[PDB]
$ cat protein-v2.cif   # mmCIF, C-alpha atoms
data_query
#
loop_
_atom_site.group_PDB
_atom_site.id
_atom_site.type_symbol
_atom_site.label_atom_id
_atom_site.label_comp_id
_atom_site.auth_asym_id
_atom_site.auth_seq_id
_atom_site.Cartn_x
_atom_site.Cartn_y
_atom_site.Cartn_z
ATOM 1 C CA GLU B 117 1.723 5.206 -10.074
ATOM 2 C CA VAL B 118 0.126 8.682 -10.018
ATOM 3 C CA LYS B 119 3.058 10.235 -8.120
ATOM 4 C CA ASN B 120 5.639 8.731 -10.443
ATOM 5 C CA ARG B 121 4.529 10.850 -13.389
ATOM 6 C CA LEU B 122 4.430 14.177 -11.550
ATOM 7 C CA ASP B 123 7.610 14.232 -9.521
ATOM 8 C CA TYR B 124 9.751 13.564 -12.594
ATOM 9 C CA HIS B 125 8.543 16.859 -14.152
ATOM 10 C CA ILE B 126 9.165 18.793 -10.914
ATOM 11 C CA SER B 127 12.622 17.270 -10.487
ATOM 12 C CA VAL B 128 13.572 18.019 -14.106
ATOM 13 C CA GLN B 129 12.440 21.656 -13.815
ATOM 14 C CA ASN B 130 14.367 21.964 -10.510
ATOM 15 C CA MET B 131 17.649 20.511 -11.854
ATOM 16 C CA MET B 132 17.089 22.356 -15.153
ATOM 17 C CA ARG B 133 16.692 25.653 -13.260
ATOM 18 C CA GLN B 134 19.948 25.036 -11.338
ATOM 19 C CA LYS B 135 21.756 24.206 -14.656
ATOM 20 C CA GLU B 136 20.387 27.497 -15.997
ATOM 21 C CA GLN B 137 21.196 29.316 -12.747
ATOM 22 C CA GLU B 138 24.851 28.179 -12.664
ATOM 23 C CA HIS B 139 25.340 28.627 -16.414
ATOM 24 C CA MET B 140 23.896 32.138 -16.611
ATOM 25 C CA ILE B 141 25.750 33.016 -13.366
ATOM 26 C CA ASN B 142 29.271 32.059 -14.466
ATOM 27 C CA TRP B 143 28.585 33.580 -17.912
ATOM 28 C CA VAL B 144 27.252 36.907 -16.592
ATOM 29 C CA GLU B 145 29.950 37.130 -13.882
ATOM 30 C CA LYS B 146 32.677 36.050 -16.367
ATOM 31 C CA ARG B 147 31.474 38.694 -18.867
ATOM 32 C CA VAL B 148 30.747 41.619 -16.505
ATOM 33 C CA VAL B 149 33.555 41.626 -14.005
ATOM 34 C CA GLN B 150 35.132 44.818 -15.377
ATOM 35 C CA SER B 151 34.707 48.405 -14.171
ATOM 36 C CA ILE B 152 36.676 48.584 -11.084
ATOM 37 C CA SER B 153 39.181 51.050 -12.469
ATOM 38 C CA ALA B 154 36.225 52.784 -14.193
ATOM 39 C CA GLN B 155 34.643 53.038 -10.710
ATOM 40 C CA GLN B 156 37.389 53.185 -8.330
ATOM 41 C CA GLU B 157 34.985 54.177 -5.617
ATOM 42 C CA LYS B 158 34.116 50.672 -4.625
ATOM 43 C CA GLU B 159 37.599 50.934 -2.987
ATOM 44 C CA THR B 160 36.873 54.488 -2.007
ATOM 45 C CA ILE B 161 33.810 53.132 -0.122
ATOM 46 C CA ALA B 162 36.245 50.455 1.120
ATOM 47 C CA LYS B 163 38.414 53.235 2.424
ATOM 48 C CA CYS B 164 35.167 55.074 3.634
ATOM 49 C CA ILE B 165 33.832 52.065 5.596
ATOM 50 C CA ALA B 166 37.492 51.066 6.225
ATOM 51 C CA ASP B 167 37.981 54.477 7.849
ATOM 52 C CA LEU B 168 34.823 53.670 9.826
ATOM 53 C CA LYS B 169 36.748 50.506 10.727
ATOM 54 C CA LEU B 170 40.129 52.139 11.293
ATOM 55 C CA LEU B 171 38.193 54.580 13.504
ATOM 56 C CA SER B 172 35.136 52.390 14.331
ATOM 57 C CA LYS B 173 36.547 48.965 15.159
ATOM 58 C CA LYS B 174 37.623 50.233 18.586
ATOM 59 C CA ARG W 1 -9.770 -8.713 7.560
ATOM 60 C CA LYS W 2 -11.242 -11.103 4.933
ATOM 61 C CA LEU W 3 -11.452 -14.339 6.914
ATOM 62 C CA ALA W 4 -12.479 -15.314 10.431
ATOM 63 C CA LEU W 5 -12.901 -18.389 12.617
ATOM 64 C CA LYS W 6 -16.342 -19.954 12.288
ATOM 65 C CA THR W 7 -16.389 -23.011 14.543
ATOM 66 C CA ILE W 8 -13.052 -24.256 15.806
ATOM 67 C CA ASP W 9 -11.021 -24.134 12.652
ATOM 68 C CA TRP W 10 -7.406 -23.698 11.645
ATOM 69 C CA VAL W 11 -6.096 -26.472 13.759
ATOM 70 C CA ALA W 12 -9.463 -28.352 13.864
ATOM 71 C CA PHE W 13 -9.460 -28.136 10.101
ATOM 72 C CA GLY W 14 -6.424 -29.626 8.893
ATOM 73 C CA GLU W 15 -6.738 -32.975 10.563
ATOM 74 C CA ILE W 16 -10.054 -33.729 9.057
ATOM 75 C CA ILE W 17 -10.756 -34.006 5.472
ATOM 76 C CA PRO W 18 -14.031 -35.630 4.149
ATOM 77 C CA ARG W 19 -12.784 -38.428 1.671
ATOM 78 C CA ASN W 20 -14.638 -36.834 -1.219
ATOM 79 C CA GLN W 21 -12.264 -33.842 -0.801
ATOM 80 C CA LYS W 22 -9.921 -35.460 1.747
ATOM 81 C CA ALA W 23 -6.672 -35.317 -0.154
ATOM 82 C CA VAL W 24 -7.339 -31.726 -1.381
ATOM 83 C CA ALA W 25 -7.753 -30.285 2.116
ATOM 84 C CA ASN W 26 -4.143 -31.224 3.204
ATOM 85 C CA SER W 27 -2.732 -29.157 0.366
ATOM 86 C CA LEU W 28 -5.420 -26.452 0.810
ATOM 87 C CA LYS W 29 -4.573 -25.869 4.513
ATOM 88 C CA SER W 30 -1.034 -24.812 3.775
ATOM 89 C CA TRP W 31 -2.144 -22.569 0.873
ATOM 90 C CA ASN W 32 -4.547 -20.867 3.186
ATOM 91 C CA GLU W 33 -1.882 -20.022 5.801
ATOM 92 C CA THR W 34 0.197 -18.386 3.054
ATOM 93 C CA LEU W 35 -2.781 -16.154 2.142
ATOM 94 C CA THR W 36 -3.516 -15.474 5.835
ATOM 95 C CA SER W 37 -0.095 -14.113 6.855
ATOM 96 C CA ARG W 38 0.265 -12.250 3.532
ATOM 97 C CA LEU W 39 -3.034 -10.369 3.785
ATOM 98 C CA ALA W 40 -2.527 -9.373 7.399
ATOM 99 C CA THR W 41 0.762 -7.715 6.446
ATOM 100 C CA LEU W 42 -0.129 -5.597 3.355
ATOM 101 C CA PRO W 43 -0.985 -1.988 3.639
ATOM 102 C CA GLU W 44 -4.734 -1.447 3.528
ATOM 103 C CA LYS W 45 -4.648 1.977 1.767
ATOM 104 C CA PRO W 46 -1.863 4.489 1.063
ATOM 105 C CA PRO W 47 -1.953 8.186 1.758
ATOM 106 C CA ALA W 48 -3.933 10.415 -0.688
ATOM 107 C CA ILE W 49 -1.418 13.078 -1.939
ATOM 108 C CA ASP W 50 -1.036 16.629 -0.702
ATOM 109 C CA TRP W 51 -2.294 18.495 -3.783
ATOM 110 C CA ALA W 52 -1.587 21.985 -2.341
ATOM 111 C CA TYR W 53 2.221 21.598 -2.444
ATOM 112 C CA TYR W 54 2.271 19.793 -5.800
ATOM 113 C CA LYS W 55 -0.205 22.012 -7.683
ATOM 114 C CA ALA W 56 1.401 25.279 -6.548
ATOM 115 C CA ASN W 57 5.043 24.174 -6.813
ATOM 116 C CA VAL W 58 4.849 21.975 -9.894
ATOM 117 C CA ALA W 59 4.120 24.897 -12.069
ATOM 118 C CA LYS W 60 3.316 22.887 -15.245
ATOM 119 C CA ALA W 61 -0.084 23.041 -13.600
ATOM 120 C CA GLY W 62 -2.051 22.724 -16.888
ATOM 121 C CA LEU W 63 -0.725 19.108 -17.084
ATOM 122 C CA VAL W 64 -0.814 18.456 -13.342
ATOM 123 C CA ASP W 65 -4.338 19.883 -12.838
ATOM 124 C CA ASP W 66 -5.828 17.988 -15.801
ATOM 125 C CA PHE W 67 -4.262 14.713 -14.493
ATOM 126 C CA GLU W 68 -5.562 15.712 -11.058
ATOM 127 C CA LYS W 69 -9.148 15.916 -12.297
ATOM 128 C CA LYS W 70 -8.842 12.511 -14.021
ATOM 129 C CA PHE W 71 -7.415 10.986 -10.804
ATOM 130 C CA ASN W 72 -10.050 12.578 -8.514
ATOM 131 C CA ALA W 73 -12.835 11.405 -10.856
ATOM 132 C CA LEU W 74 -11.202 7.953 -11.145
ATOM 133 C CA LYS W 75 -13.559 5.191 -9.993
ATOM 134 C CA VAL W 76 -12.656 1.742 -8.768
ATOM 135 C CA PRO W 77 -14.390 -1.703 -8.732
ATOM 136 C CA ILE W 78 -13.964 -4.717 -6.443
ATOM 137 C CA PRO W 79 -12.452 -8.177 -7.129
ATOM 138 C CA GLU W 80 -14.432 -11.223 -8.180
ATOM 139 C CA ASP W 81 -16.152 -14.216 -6.642
ATOM 140 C CA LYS W 82 -15.456 -17.603 -8.233
ATOM 141 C CA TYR W 83 -15.619 -20.142 -5.659
ATOM 142 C CA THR W 84 -18.325 -19.606 -3.012
ATOM 143 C CA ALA W 85 -21.055 -21.909 -4.049
ATOM 144 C CA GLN W 86 -18.600 -24.111 -2.063
ATOM 145 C CA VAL W 87 -19.929 -21.898 0.760
ATOM 146 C CA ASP W 88 -23.411 -23.210 -0.206
ATOM 147 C CA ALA W 89 -22.530 -26.819 -1.146
ATOM 148 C CA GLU W 90 -21.578 -26.497 2.496
ATOM 149 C CA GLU W 91 -25.167 -26.454 3.781
ATOM 150 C CA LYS W 92 -25.587 -29.435 1.413
ATOM 151 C CA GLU W 93 -22.479 -31.217 2.756
ATOM 152 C CA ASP W 94 -23.876 -30.282 6.241
ATOM 153 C CA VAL W 95 -27.042 -32.275 5.586
ATOM 154 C CA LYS W 96 -24.736 -35.202 4.584
ATOM 155 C CA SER W 97 -22.853 -34.923 7.498
ATOM 156 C CA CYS W 98 -25.705 -34.692 10.114
ATOM 157 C CA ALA W 99 -29.041 -36.259 8.917
ATOM 158 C CA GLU W 100 -27.390 -38.562 6.264
ATOM 159 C CA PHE W 101 -24.986 -39.866 9.063
ATOM 160 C CA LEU W 102 -26.787 -38.496 12.222
ATOM 161 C CA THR W 103 -30.015 -40.370 11.445
ATOM 162 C CA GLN W 104 -28.846 -43.757 10.111
ATOM 163 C CA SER W 105 -26.242 -43.919 12.911
ATOM 164 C CA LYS W 106 -28.701 -42.913 15.627
ATOM 165 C CA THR W 107 -30.901 -45.852 14.561
ATOM 166 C CA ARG W 108 -27.847 -48.148 14.589
ATOM 167 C CA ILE W 109 -26.790 -46.975 18.085
ATOM 168 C CA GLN W 110 -30.456 -47.597 19.097
ATOM 169 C CA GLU W 111 -29.873 -51.314 18.563
ATOM 170 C CA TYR W 112 -26.427 -51.426 20.192
ATOM 171 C CA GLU W 113 -27.855 -49.894 23.414
ATOM 172 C CA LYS W 114 -30.970 -52.102 23.618
ATOM 173 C CA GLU W 115 -28.687 -55.108 23.290
ATOM 174 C CA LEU W 116 -26.570 -53.631 26.190
ATOM 175 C CA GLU W 117 -29.403 -54.464 28.599
ATOM 176 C CA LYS W 118 -29.166 -58.262 28.428
ATOM 177 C CA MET W 119 -25.403 -58.347 28.182
ATOM 178 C CA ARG W 120 -25.072 -56.832 31.583
ATOM 179 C CA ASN W 121 -25.655 -60.621 32.285
#

$ encode --input "protein-v2.cif" --output "structure tokens"
Amino acid sequence: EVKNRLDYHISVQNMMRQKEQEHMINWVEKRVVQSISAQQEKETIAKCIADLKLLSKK
Amino acid sequence: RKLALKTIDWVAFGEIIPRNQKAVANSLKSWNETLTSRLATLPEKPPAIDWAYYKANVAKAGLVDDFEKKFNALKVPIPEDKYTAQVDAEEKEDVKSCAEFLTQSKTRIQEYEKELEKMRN
């Protein structure tokens, strides 16, 4: 009977945190996914590391 | 756990039921066996909770910790006798049984044997 009280609160906080985590995540990511043309250089670093692939694969 | 054999008893019991309880004992035997097998099965005591995990990682610990203290302080009684001067009405019934039958019967048998002497003939 002692356990029954406790684990409910834990479980609710756990599921609640995941339903925050997902909800914040999609909302943040769905808001801020814009600056790729503002900073091109995420594809310049693609071409940088990609040149260190195109050279450094073999 | 709770019971035991005394004399010879679960078998040696059931057959033999003093008339002043005789009828009762037949029913009582079967009741007893029910209790016997049941008790032997049950758990005797559970675990006793790993607090370390729960206190740290259930972080409503104001609630948890207060309930903890109340649980750790929590004291427990035992169950209740009700039916155990039967245990003692036993020593009384044991008189009845031996001396009350022992004696009178021993004097009776005394006569039967003395009469055996002549009737060899």

$ closest_residue --input "protein-v2.cif" --among "W:51, W:23, W:114, W:32" --to "residue 68 of chain W" --atoms "all atoms listed in the file"
W:51

$ interface_residues --input "protein-v2.cif" --of "chain W" --to "chain B" --cutoff "10 Å" --atoms "all atoms listed in the file" --output "PyMOL selection string"
chain W and resi 49+54-55+57-60+63-64+67-68+71

$ atom_distance --input "protein-v2.cif" --atom1 "atom CA of residue 133 of chain B" --atom2 "atom CA of residue 120 of chain B"
20.4 Å

$ residues_around --input "protein-v2.cif" --residues "segment 9-22 of chain W" --least-positions-apart "5" --cutoff "10 Å" --atoms "all atoms listed in the file" --output "list in words"
residues 4, 27, 28, 29, 30, 32, 33, 93 and 97 of chain W

$ atom_distance --input "protein-v2.cif" --atom1 "atom CA of residue 52 of chain W" --atom2 "atom CA of residue 69 of chain W"
13.9 Å

$ axis_aligned_box --input "protein-v2.cif" --around "segment 62-67 of chain W" --padding-each-side "4 Å" --output "JSON"
{"center_x": -3.3, "center_y": 18.7, "center_z": -15.0, "size_x": 13.1, "size_y": 16.0, "size_z": 12.2}

$ closest_residue --input "protein-v2.cif" --among "W:104, W:3, W:112, W:77" --to "residue 40 of chain W" --atoms "only C-alpha atoms"
W:3

$ atom_distance --input "protein-v2.cif" --atom1 "atom CA of residue 138 of chain B" --atom2 "atom CA of residue 124 of chain B"
21.0 Å

$ decode --input "protein-v2.cif" --residues "segment 138-151 of chain B" --atoms "N, CA and C atoms" --output "PDB file, in the first residue's frame"
ATOM      1  N   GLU B 138       8.478  16.444 -25.757  1.00  0.00           N
ATOM      2  CA  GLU B 138       8.010  16.383 -27.143  1.00  0.00           C
ATOM      3  C   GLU B 138       7.372  17.697 -27.607  1.00  0.00           C
ATOM      4  N   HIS B 139       6.564  18.303 -26.734  1.00  0.00           N
ATOM      5  CA  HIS B 139       5.743  19.443 -27.119  1.00  0.00           C
ATOM      6  C   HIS B 139       6.555  20.731 -27.306  1.00  0.00           C
ATOM      7  N   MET B 140       7.447  20.999 -26.350  1.00  0.00           N
ATOM      8  CA  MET B 140       8.491  22.000 -26.525  1.00  0.00           C
ATOM      9  C   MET B 140       9.338  21.706 -27.755  1.00  0.00           C
ATOM     10  N   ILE B 141       9.759  20.458 -27.966  1.00  0.00           N
ATOM     11  CA  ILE B 141      10.707  20.109 -29.026  1.00  0.00           C
ATOM     12  C   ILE B 141      10.125  20.437 -30.388  1.00  0.00           C
ATOM     13  N   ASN B 142       8.962  19.869 -30.726  1.00  0.00           N
ATOM     14  CA  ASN B 142       8.328  20.141 -32.003  1.00  0.00           C
ATOM     15  C   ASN B 142       8.052  21.632 -32.121  1.00  0.00           C
ATOM     16  N   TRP B 143       7.717  22.338 -31.036  1.00  0.00           N
ATOM     17  CA  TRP B 143       7.344  23.742 -31.152  1.00  0.00           C
ATOM     18  C   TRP B 143       8.553  24.636 -31.384  1.00  0.00           C
ATOM     19  N   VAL B 144       9.643  24.375 -30.671  1.00  0.00           N
ATOM     20  CA  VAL B 144      10.922  25.047 -30.863  1.00  0.00           C
ATOM     21  C   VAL B 144      11.457  24.754 -32.253  1.00  0.00           C
ATOM     22  N   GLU B 145      11.591  23.482 -32.618  1.00  0.00           N
ATOM     23  CA  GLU B 145      12.091  23.079 -33.934  1.00  0.00           C
ATOM     24  C   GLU B 145      11.213  23.591 -35.075  1.00  0.00           C
ATOM     25  N   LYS B 146       9.892  23.630 -34.877  1.00  0.00           N
ATOM     26  CA  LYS B 146       8.945  24.087 -35.900  1.00  0.00           C
ATOM     27  C   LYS B 146       8.927  25.607 -36.026  1.00  0.00           C
ATOM     28  N   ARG B 147       9.207  26.327 -34.934  1.00  0.00           N
ATOM     29  CA  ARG B 147       9.514  27.760 -34.967  1.00  0.00           C
ATOM     30  C   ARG B 147      10.863  27.984 -35.636  1.00  0.00           C
ATOM     31  N   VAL B 148      11.937  27.994 -34.853  1.00  0.00           N
ATOM     32  CA  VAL B 148      13.319  27.999 -35.331  1.00  0.00           C
ATOM     33  C   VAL B 148      13.650  26.697 -36.084  1.00  0.00           C
ATOM     34  N   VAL B 149      13.398  26.760 -37.393  1.00  0.00           N
ATOM     35  CA  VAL B 149      14.166  26.038 -38.424  1.00  0.00           C
ATOM     36  C   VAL B 149      14.432  26.953 -39.625  1.00  0.00           C
ATOM     37  N   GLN B 150      14.919  28.164 -39.380  1.00  0.00           N
ATOM     38  CA  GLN B 150      15.078  29.131 -40.465  1.00  0.00           C
ATOM     39  C   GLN B 150      16.293  29.971 -40.210  1.00  0.00           C
ATOM     40  N   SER B 151      17.324  29.769 -41.020  1.00  0.00           N
ATOM     41  CA  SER B 151      18.510  30.658 -41.089  1.00  0.00           C
ATOM     42  C   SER B 151      19.626  30.054 -41.888  1.00  0.00           C
TER      43      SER B 151
END
